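Peer 1: Below: one structure in structure tokens.
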There are 2 protein chains.
Amino acid sequence: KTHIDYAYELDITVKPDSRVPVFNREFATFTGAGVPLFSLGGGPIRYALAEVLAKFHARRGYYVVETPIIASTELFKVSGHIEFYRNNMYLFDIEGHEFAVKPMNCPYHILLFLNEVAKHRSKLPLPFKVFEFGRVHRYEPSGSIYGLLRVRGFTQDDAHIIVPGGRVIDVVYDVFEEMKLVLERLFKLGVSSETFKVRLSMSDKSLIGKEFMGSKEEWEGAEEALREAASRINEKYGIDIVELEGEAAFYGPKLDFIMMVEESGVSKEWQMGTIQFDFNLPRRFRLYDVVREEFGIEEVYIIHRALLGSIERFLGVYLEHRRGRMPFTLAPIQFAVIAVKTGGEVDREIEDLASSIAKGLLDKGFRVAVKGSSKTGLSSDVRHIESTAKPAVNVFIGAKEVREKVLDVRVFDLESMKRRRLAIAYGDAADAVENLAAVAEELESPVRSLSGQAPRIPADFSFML
Amino acid sequence: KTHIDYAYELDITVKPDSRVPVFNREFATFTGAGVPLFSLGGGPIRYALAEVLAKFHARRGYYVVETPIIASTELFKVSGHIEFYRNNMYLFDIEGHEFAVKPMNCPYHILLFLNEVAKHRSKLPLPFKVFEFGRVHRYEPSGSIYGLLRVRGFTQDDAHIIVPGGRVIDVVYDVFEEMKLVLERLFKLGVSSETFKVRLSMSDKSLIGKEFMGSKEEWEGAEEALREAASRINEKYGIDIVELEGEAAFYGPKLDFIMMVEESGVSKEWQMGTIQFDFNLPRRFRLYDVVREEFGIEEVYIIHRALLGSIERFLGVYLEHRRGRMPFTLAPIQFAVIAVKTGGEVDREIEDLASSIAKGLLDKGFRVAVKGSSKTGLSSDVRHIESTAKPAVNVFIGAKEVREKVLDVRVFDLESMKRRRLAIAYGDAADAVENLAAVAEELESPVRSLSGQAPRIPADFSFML
Ligand SMILES: [Zn+2]
Ligand SMILES: [Zn+2]
């Protein structure tokens with residue numbers, strides 16, 4: 001099982017080689033290869049993620065923005081390079097004039113900086129930090145396309161930071177803290193000396209002025225910022241730091257976030273976001289001038305960062321590493337309510353309790369699937385549900401639950417990779433719903449600390465079970 | 001003053017003819033005409049709107065989805081028409097194969113329907129209702145472009161509904177109820193017999209089979225559904241109904257939502273969303289077959305609906321009709337905290353109170369701007385703020401507020417178009433923040449009823465004042 005299987009099973013995406021009813025042709029012969037089509041299970045995950053990541057960044061001091069999806073190629077001519085980059089871009093014509101489907105957000109984010117400088121000059125605080133849940137498109141050859149990992153259109157948790165020399169170490173370190181918070185609290189992935197690695201890619205000093213552009217002062221200023229931040233990371237968590245001479249991009253040095261994971265029992269890297277310094281953009285958009293003239297600042301840095309990276313790619317690796325198991329906030333189905341019918345008259349109270357709990361949870365904003373089952377069918381109903389829908393929380397309602405007034409409630413424990421059984425007492429349906437909602441609130445609690453609010457985007461996904 | 005002015009002043013968008021610092025060229029010579037660039041004030045409005053509209057639709061029973069931005073033109077060949085529509089589309093090549101930047105969501109939404117039918121057949125409920133905050137691009141000539149009203153890329157509160165004959169009247173009526181809820185609760189616009197009109201556009205029966213496609217049964221079934229729903233609307237609200245023979249689109253009849261507004265003192269229409277029946281799509285995507293074969297249903301309807309329509313367009317007209325005044329949830333600046341310094345030692349308590357209230361509101365997730373002012377400067381500081389930033393709530397902190405322990409708090413009343421003064425007692429900073437937060441919660445209350453949660457996307461916009 002790959003993410004491709006898990007994505008189809010949880011109904012996060014449409015499978016490109018599934019046949020369209022009545023047409024019998026693959027969905028991909030309508031949509032194009034490499035264009036992931038998110039489905040009904042995937043919709044709420046995408047809104048929820050945007051919402052959490054936007055609020056998380058706003059609480060950490062980033063200005064959240066949404067930038068256009070197309071642009072004149074003048075925009076990408078000014079940024080560079082552009083005889084090269086042209087080749088990864090989808091271009092088109094309006095009306096003689098050349099336009100592109102945006103392959104990156106950076107130029108737009110710098111325009112927004114430039115617009116605020118123009119209106120407010122030095123009243124604008126620095127560091128200036130702008131975040132976007134941004135939608136980018138790039139040329140990928142048909143043979144390069146693979147599931148959700150390499151695609152033609154995808155989303156990034158993209159940010160740009162314009163930071164003076166005196167605050168740059170703290171900003172780098174903070175982004176690391178951001179990565180760690182999102183991993184631990186949204187995804188329930190532990191970040192520590194045993195699971196995480198930071199990789200620095202630096203210049204070769206002999207080649208500054210040629211394969212690495214810019215001046216020595218630039219490179220040393222940035223490389224030292226990455227070494228100091230990395231040194232604080234290592235001191236606080238014992239996370240190990242790797243440094244590669246001559247691996248930087250031509251426009252500045254960088255840091256990569258790497259999770260260490262294991263098969264089965266193979267040790268592997270799972271590469272995530274990045275902190276990329278840029279010496280090209282501040283020249284091409286005259287940022288050095290602007291910051292010197294308006295703020296009197298001579299040492300400033302420009303930085304691209306993503307915590308997850310490509311969101312599709314992150315979700316893909318995540319589906320595989322976690323075998324389809326989503327954190328509660330992002331689970332297509334949050335509560336699966338399972339009525340275990342017996343044949344007898346107790347079925348009426350079972351069916352009323354299940355139905356009422358189901359409506360109550362939906363009113364509270366949860367994603368809920370009701371499944372009718374039986375004592376003899378239960379075993380194979382559950383097996384089907386666990387192998388496919390993987391609901392975050394199963395609630396079993398049988399004769400026993402009705403007579404004892406205790407729900408049988410099974411939350412999936414992401415660390416142990418096992419269900420854990422809770423016995424939740426209730427007086428009546430209303431009260432069962434309150435108590436289930438309380439459990440959910442405990443499961444949403446880490447996300448509330450990132451973003452203030454856990455998103456409730458309700459749905460009745462009964463038809464999936 | 002047009003929306004173009006209000007949008008620039010509230011920092012919702014970048015003005016295309018503003019000059020880029022240091023370059024002195026217009027922003028538009030980088031971006032392209034007709035491509036609205038939302039700015040820092042506009043970012044949180046866009047996330048907030050997506051979030052509220054998505055949750056509102058999920059609570060009303062729509063499945064929320066996000067569909068790709070590009071697609072093979074096979075997708076638009078199957079839907080029609082396509083020698084015609086080709087001309088409004090941005091097209092491009094991958095790798096020999098023709099692709100388009102999506103001009104509409106409909107084909108994608110039908111693929112998602114078809115995908116669920118394939119996996120779950122008749123377990124899928126009907127009506128099937130899918131909602132998307134969707135991003136669409138269309139060719140518009142340079143002379144057609146105007147502000148936010150006619151643009152090249154824009155967003156819709158788009159939905160598709162596949163409804164059997166027996167439930168179609170209720171669905172039409174419900175969409176109307178949706179329009180009314182969003183207007184009244186998100187936008188604080190009254191919808192009644194004095195302010196609202198519903199326009200039906202129908203076939204000419206003599207031309208069914210020619211300028212209006214489909215069969216008589218189709219048209220009569222749909223036109224009666226619109227007349228019955230309209231008749232219920234009129235009975236419940238006395239809203240007047242207008243019916244035009246021969247104005248329907250070639251593929252089915254429709255209903256348009258129209259607000260009646262006034263200058264100055266001219267009566268004008270403000271056209272909003274639509275309910276469009278479609279007889280073409282169910283043929284082109286073989287939906288009639290699919291619904292008959294899988295559900296045994298012979299009478300079914302396919303419907304496109306938007307409540308706002310183009311979101312950019314709606315926001316534009318809104319900015320003009322309300323002279324820049326946003327509802328609290330959508331206001332770029334939610335609380336403006338204004339320290340009225342005196343020169344004396346009381347300035348220390350004024351500055352500490354303002355500062356603490358400001359940090360406290362930010363922690364609660366609000367968008368906050370602090371302005372330092374003086375007794376002599378106040379008058380012209382406020383005038384500048386009211387003419388430009390238009391904060392939802394002004395909080396004045398002067399010597400008097402400190403000595404009496406009562407804040408001077410001015411909420412803008414959207415109906416009367418005037419500030420209204422509240423006297424809010426406090427014991428200390430913490431308590432002032434609780435009491436301000438309570439006022440905000442009262443202002444967020446109508447949005448909580450649409451969507452369960454009012455979005456808090458915080459920002460420090462001090463630099464704007
Ligand atoms: Zn970038
Ligand atoms: Zn449509």
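Residue names in the structure tokens use chain letters A, B, ... in the order shown, residue numbers from 1 in each chain, and ligand numbers from 1 in the order shown.
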Return as a PyMOL selection string the residues of protein, DNA or RNA that approach ligand 2 to within 8 Å, with only C-alpha atoms and all ligand atoms taken into account.

Peer 2: chain B and resi 104-107+158-160+303-305

Peer 1: Neighbours of ligand 1 within 12 Å, counting only C-alpha atoms and all ligand atoms, as JSON, numbers by chain?

Peer 2: {"A": [79, 102, 103, 104, 105, 106, 107, 108, 109, 110, 129, 130, 131, 132, 134, 136, 156, 157, 158, 159, 160, 161, 162, 251, 273, 274, 275, 276, 277, 278, 280, 281, 302, 303, 304, 305, 306, 309]}

Peer 1: Residues near residue 208 of chain B, anyone? I mean within 12 Å using only C-alpha atoms, not counting same-chain ones fewer than 5 positions away, as a PyMOL selection string.

Peer 2: chain B and resi 202-203+213-220+246+248-253+279

Peer 1: Write a file of the just-selected residues containing N, CA and C atoms, as a CSV table (one decimal), in the first residue's frame.

Peer 2:
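Writing the result to result_15.csv gives the following:
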```csv
chain,number,residue,atom,x,y,z
B,202,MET,N,-37.0,32.7,-18.3
B,202,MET,CA,-37.6,31.4,-18.8
B,202,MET,C,-37.4,31.3,-20.3
B,203,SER,N,-37.8,30.1,-20.8
B,203,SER,CA,-37.8,29.8,-22.3
B,203,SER,C,-38.9,30.7,-23.0
B,213,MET,N,-32.3,24.5,-25.8
B,213,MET,CA,-32.2,23.1,-26.0
B,213,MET,C,-32.9,22.2,-25.0
B,214,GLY,N,-33.1,21.0,-25.3
B,214,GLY,CA,-33.7,20.1,-24.4
B,214,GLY,C,-35.2,19.8,-24.8
B,215,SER,N,-35.9,19.1,-23.9
B,215,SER,CA,-37.2,18.7,-24.2
B,215,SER,C,-38.2,19.7,-23.4
B,216,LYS,N,-39.4,19.7,-23.8
B,216,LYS,CA,-40.5,20.4,-23.1
B,216,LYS,C,-40.6,19.9,-21.6
B,217,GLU,N,-40.6,18.6,-21.4
B,217,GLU,CA,-40.7,18.1,-20.0
B,217,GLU,C,-39.7,18.7,-19.1
B,218,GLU,N,-38.4,18.7,-19.5
B,218,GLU,CA,-37.3,19.4,-18.8
B,218,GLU,C,-37.7,20.9,-18.5
B,219,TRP,N,-38.0,21.7,-19.5
B,219,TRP,CA,-38.2,23.1,-19.3
B,219,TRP,C,-39.4,23.4,-18.3
B,220,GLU,N,-40.5,22.6,-18.5
B,220,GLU,CA,-41.7,22.8,-17.7
B,220,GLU,C,-41.5,22.4,-16.3
B,246,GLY,N,-38.4,34.1,-22.5
B,246,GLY,CA,-37.4,34.0,-23.6
B,246,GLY,C,-36.1,34.5,-23.2
B,248,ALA,N,-34.1,33.0,-20.7
B,248,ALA,CA,-33.3,31.9,-20.1
B,248,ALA,C,-32.0,31.7,-21.0
B,249,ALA,N,-31.0,31.1,-20.4
B,249,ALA,CA,-29.8,30.6,-21.2
B,249,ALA,C,-30.3,29.5,-22.1
B,250,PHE,N,-29.5,29.1,-23.1
B,250,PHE,CA,-29.9,28.0,-24.0
B,250,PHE,C,-30.1,26.7,-23.3
B,251,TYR,N,-29.4,26.5,-22.2
B,251,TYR,CA,-29.4,25.2,-21.5
B,251,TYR,C,-30.3,25.2,-20.2
B,252,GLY,N,-31.0,26.2,-19.9
B,252,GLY,CA,-32.1,26.0,-18.9
B,252,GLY,C,-32.5,27.3,-18.3
B,253,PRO,N,-33.6,27.3,-17.6
B,253,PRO,CA,-34.1,28.6,-17.0
B,253,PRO,C,-33.3,28.9,-15.7
B,279,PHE,N,-29.5,21.7,-18.8
B,279,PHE,CA,-30.0,20.5,-19.5
B,279,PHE,C,-28.9,20.0,-20.4
```

Peer 1: Can you list, as a ChimeraX atom specification, every protein, DNA or RNA residue that comes within 10 Å of residue 363 of chain B when you count only C-alpha atoms, leaving out same-chain residues fewer than 4 positions away?

Peer 2: /A:59,452 /B:357-359,367,433,458-459

Peer 1: Choose the residue, out of B:86, B:268, B:321, B:152, that has the smallest atom-to-atom separation from chain A; count only C-alpha atoms.

Peer 2: B:152

Peer 1: I need the residue nearest residue 400 of chain A from this list: A:350, A:71, A:169, A:183. Use only C-alpha atoms for the distance.

Peer 2: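 Nearest to residue 400 of chain A: A:350.
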
Peer 1: Go through B:125, B:68, B:21, B:32 one by one, measure the shortest atom-to-atom distance of each to residue 464 of chain A using only C-alpha atoms, and give the residue with the smallest value.

Peer 2: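 Closest to residue 464 of chain A, using only C-alpha atoms: B:125.
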
Peer 1: Write down as a PyMOL selection string the residues of segment 242-355 of chain A whose backbone DSSP state falls under alpha helix (DSSP H).

Peer 2: chain A and resi 281-284+287-295+311-321+347-355

Peer 1: Mind writing the picked residues with N, CA and C atoms as a short mmCIF file (atom, residue, chain, number, x, y, z; two decimals), in the first residue's frame?

Peer 2:
```
data_model
loop_
_atom_site.label_atom_id
_atom_site.label_comp_id
_atom_site.auth_asym_id
_atom_site.auth_seq_id
_atom_site.Cartn_x
_atom_site.Cartn_y
_atom_site.Cartn_z
N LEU A 281 17.29 38.19 -5.26
CA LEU A 281 16.07 39.01 -5.17
C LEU A 281 16.34 40.42 -4.63
N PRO A 282 17.10 40.55 -3.54
CA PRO A 282 17.34 41.92 -3.06
C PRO A 282 18.06 42.83 -4.06
N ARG A 283 18.83 42.25 -5.00
CA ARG A 283 19.41 43.00 -6.13
C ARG A 283 18.37 43.24 -7.23
N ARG A 284 17.68 42.19 -7.65
CA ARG A 284 16.76 42.34 -8.76
C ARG A 284 15.56 43.28 -8.47
N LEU A 287 16.02 45.73 -3.23
CA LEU A 287 15.65 45.73 -1.81
C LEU A 287 16.72 46.30 -0.93
N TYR A 288 17.98 46.03 -1.30
CA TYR A 288 19.13 46.63 -0.58
C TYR A 288 19.06 48.17 -0.59
N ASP A 289 18.79 48.75 -1.76
CA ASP A 289 18.58 50.15 -1.89
C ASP A 289 17.46 50.60 -0.97
N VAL A 290 16.29 50.00 -1.16
CA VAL A 290 15.09 50.38 -0.46
C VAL A 290 15.27 50.35 1.05
N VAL A 291 15.91 49.31 1.57
CA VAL A 291 16.08 49.17 3.03
C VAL A 291 17.11 50.14 3.61
N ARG A 292 18.14 50.43 2.81
CA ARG A 292 19.16 51.41 3.16
C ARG A 292 18.52 52.80 3.14
N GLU A 293 17.92 53.19 2.02
CA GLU A 293 17.27 54.48 1.90
C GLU A 293 16.11 54.73 2.90
N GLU A 294 15.20 53.78 3.07
CA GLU A 294 14.06 54.00 3.95
C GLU A 294 14.27 53.67 5.43
N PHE A 295 15.13 52.70 5.73
CA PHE A 295 15.31 52.28 7.13
C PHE A 295 16.70 52.57 7.67
N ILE A 311 2.72 20.70 0.19
CA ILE A 311 1.70 20.08 1.07
C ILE A 311 1.22 18.73 0.57
N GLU A 312 0.99 18.64 -0.74
CA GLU A 312 0.71 17.32 -1.36
C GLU A 312 1.80 16.30 -1.06
N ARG A 313 3.06 16.70 -1.18
CA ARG A 313 4.17 15.79 -0.97
C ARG A 313 4.22 15.34 0.48
N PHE A 314 4.19 16.30 1.40
CA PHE A 314 4.11 16.03 2.84
C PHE A 314 2.97 15.09 3.16
N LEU A 315 1.77 15.37 2.63
CA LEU A 315 0.59 14.50 2.92
C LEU A 315 0.86 13.10 2.39
N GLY A 316 1.46 12.99 1.20
CA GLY A 316 1.82 11.67 0.66
C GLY A 316 2.75 10.85 1.55
N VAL A 317 3.87 11.43 1.94
CA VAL A 317 4.78 10.70 2.78
C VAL A 317 4.12 10.35 4.09
N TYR A 318 3.32 11.30 4.61
CA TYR A 318 2.60 11.12 5.87
C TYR A 318 1.65 9.92 5.77
N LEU A 319 0.89 9.85 4.70
CA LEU A 319 -0.03 8.71 4.54
C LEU A 319 0.71 7.40 4.60
N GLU A 320 1.89 7.34 3.99
CA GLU A 320 2.68 6.10 4.03
C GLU A 320 3.29 5.84 5.41
N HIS A 321 3.96 6.83 6.02
CA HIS A 321 4.58 6.62 7.31
C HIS A 321 3.54 6.27 8.37
N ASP A 347 -33.23 -3.12 19.44
CA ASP A 347 -32.77 -2.45 18.22
C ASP A 347 -33.34 -1.04 18.06
N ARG A 348 -34.49 -0.80 18.66
CA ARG A 348 -35.17 0.47 18.56
C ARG A 348 -34.44 1.53 19.40
N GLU A 349 -33.96 1.13 20.57
CA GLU A 349 -33.21 2.04 21.39
C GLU A 349 -31.78 2.22 20.87
N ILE A 350 -31.25 1.19 20.23
CA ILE A 350 -29.93 1.24 19.64
C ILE A 350 -29.95 2.22 18.47
N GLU A 351 -30.95 2.06 17.61
CA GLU A 351 -31.10 2.87 16.45
C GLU A 351 -31.40 4.36 16.85
N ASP A 352 -32.23 4.60 17.87
CA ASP A 352 -32.45 5.96 18.32
C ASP A 352 -31.23 6.64 18.95
N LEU A 353 -30.50 5.92 19.78
CA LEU A 353 -29.27 6.44 20.36
C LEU A 353 -28.19 6.81 19.29
N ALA A 354 -27.94 5.89 18.36
CA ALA A 354 -26.99 6.06 17.27
C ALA A 354 -27.35 7.30 16.41
N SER A 355 -28.58 7.31 15.93
CA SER A 355 -29.14 8.40 15.21
C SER A 355 -29.00 9.75 15.97
#
```

Peer 1: Find the residues around residue 111 of chain A up to 10 Å (only C-alpha atoms counted), leave out those fewer than 5 positions away in its own chain, and share them as a list in words.

Peer 2: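 So, after excluding close chain neighbours, the residues are residues 75, 106, 116, 117 and 285 of chain A; 14, 20, 21, 27, 30, 31, 37 and 39 of chain B.
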
Peer 1: For those residues, write C-alpha atoms to a file as a compact mmCIF listing (two decimals), in the first residue's frame.

Peer 2:
```txt
# COMPACT_ATOMS: atom_id res chain seq x y z
CA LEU A 75 7.13 39.78 -13.07
CA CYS A 106 8.22 35.16 -4.01
CA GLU A 116 3.75 48.86 2.11
CA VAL A 117 7.13 50.54 2.00
CA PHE A 285 13.96 44.17 -6.82
CA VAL B 14 -2.63 47.08 -4.42
CA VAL B 20 6.83 50.82 -7.36
CA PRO B 21 9.47 52.39 -5.08
CA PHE B 27 2.52 47.83 -10.12
CA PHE B 30 4.72 43.89 -13.39
CA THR B 31 1.49 42.05 -12.83
CA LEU B 37 -3.39 41.83 -6.17
CA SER B 39 -2.61 43.17 0.00
```

Peer 1: Could you give me, as a PyMOL selection string, each residue of segment 24-194 of chain A that DSSP assigns to strand (DSSP E or B) when run on this structure's backbone?

Peer 2: chain A and resi 26+38+63-64+70-72+91-94+97-101+128-137+146+150+153-164

Peer 1: Determine, counting only C-alpha atoms, which protein, DNA and RNA residues have an atom within 8 Å of an atom of residue 51 of chain B; residues of the same chain fewer than 5 positions away are not included. Present the result as an mmCIF file with C-alpha atoms, in the first residue's frame.

Peer 2:
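See result34.cif below for the written result:
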```
data_model
loop_
_atom_site.group_PDB
_atom_site.id
_atom_site.type_symbol
_atom_site.label_atom_id
_atom_site.label_comp_id
_atom_site.auth_asym_id
_atom_site.auth_seq_id
_atom_site.Cartn_x
_atom_site.Cartn_y
_atom_site.Cartn_z
ATOM 1 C CA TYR A 47 -9.833 23.941 4.130
ATOM 2 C CA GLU A 51 -7.173 27.626 8.244
ATOM 3 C CA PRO B 455 -12.610 33.402 12.405
#
```

Peer 1: So how many Å separate atom CA of residue 119 of chain B and atom CA of residue 55 of chain B, to one decimal?

Peer 2: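 For atom CA of residue 119 of chain B relative to atom CA of residue 55 of chain B, the distance reads 25.7 Å.
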
Peer 1: Expressed in Å to a single decimal, how great is the separation between atom CA of residue 426 of chain B and atom CA of residue 406 of chain B?

Peer 2: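 Distance between the two atoms: 6.0 Å.
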
Peer 1: Atom CA of residue 36 of chain A and atom CA of residue 65 of chain A are how many Å apart?

Peer 2: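 We find that atom CA of residue 36 of chain A and atom CA of residue 65 of chain A lie 23.9 Å from each other.
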
Peer 1: Near segment 408-424 of chain A, within 10 Å and counting only C-alpha atoms, which residues show up once chain neighbours fewer than 3 positions away are dropped, as a PyMOL selection string?

Peer 2: chain A and resi 187-190+322-323+325-328+334-337+390-398+400-401+405+432+435-436+439-440+443

Peer 1: With distances taken over only C-alpha atoms, which of A:66, A:224, A:140, A:269 is nearest to chain B?

Peer 2: A:66
